[PDB]
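Read off the chains here:
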Amino acid sequence: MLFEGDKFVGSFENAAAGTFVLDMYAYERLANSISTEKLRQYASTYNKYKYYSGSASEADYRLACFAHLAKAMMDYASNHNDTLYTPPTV
């Protein structure tokens, strides 16, 4: 799962569908669970998925979630501003 007490333990693919504060410790855990190549690939689809609202049942829902988290991660790496991550709003 996503937490083990007060500690964020989630992987990129699990966390992208969840809610957590993206701070440096969460970032470290996410970035070490996915390749830089795959992260860029998902991040490149953010413009497509930016205003996604399709339900969690939809088949493109991981893809939307992956885009959103990857963009959040690209942002943190540039600004280092801790921020709440929430999945594409359905």
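So, how was this worked out
- Residues numbered from 1 in each chain as written, not as in the entry; some residues may be left out.
- Heavy atoms only, no water.
- Helix = DSSP H or I, 4+ residues; strand = E, 2+ residues; numbered from the N terminus.
- Rg over C-alpha atoms; globule rule 2.2 N^0.38 Å.
- Buried < 20%, exposed > 50% of the residue type's maximum accessible area, 1.4 Å probe, protein only.
- Contact = heavy atoms within 4.5 Å.
- Areas by Shrake-Rupley, 256 points an atom, 1.4 Å probe, with all protein chains shown as cover.
- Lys, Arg positive; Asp, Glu negative; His and termini not counted.
- Charge placed at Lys NZ, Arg CZ, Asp CG, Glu CD.
- Salt bridge = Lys/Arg side-chain N within 4 Å of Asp/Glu carboxyl O.

The deposited coordinates derive from X-ray crystallography, with the record listing a resolution of 1.84 Å.

Asker: I'd like a rundown of the overall build of the chain, residues and numbers included.
Answerer: Across its full length, the chain holds five helices and two strands. Reading the chain from its N terminus to its C terminus gives the helix and strand order α-β-α-α-α-α-β. Taken against the 2.2 N^0.38 rule, which gives 12 Å for 90 residues, the C-alpha radius of gyration of the chain at 12 Å falls within 12% of a compact globule. The principal-axis extents of the C-alpha atoms in the chain amount to approximately 30 × 25 × 20 Å. The buried share among the 90 residues of the chain stands at 37%. Contacts in the chain between residues at least 24 apart in sequence constitute 55% of all its contacts with a sequence separation of at least 6. Accessible area for the chain stands at about 5500 Å²; split by element, carbon and sulfur atoms hold 49% of it. Computed over 8 positive and 10 negative side-chain charges, the separation of the two mean positions in the chain equals 7 Å.

Asker: Explain the pattern of salt bridges to me, and be specific about the residues and the numbers.
Answerer: Scanning the entire structure with this criterion turns up two salt bridges. Between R62 and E13 there is a salt bridge, with its nearest N and O atoms 3.9 Å apart. With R62 in helix α5 (residues 61–79) and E13 in helix α1 (residues 12–15), this pair connects stretches of sequence that are 49 residues apart. Look at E13 and you get partly exposed, because its relative accessible area is 41%.

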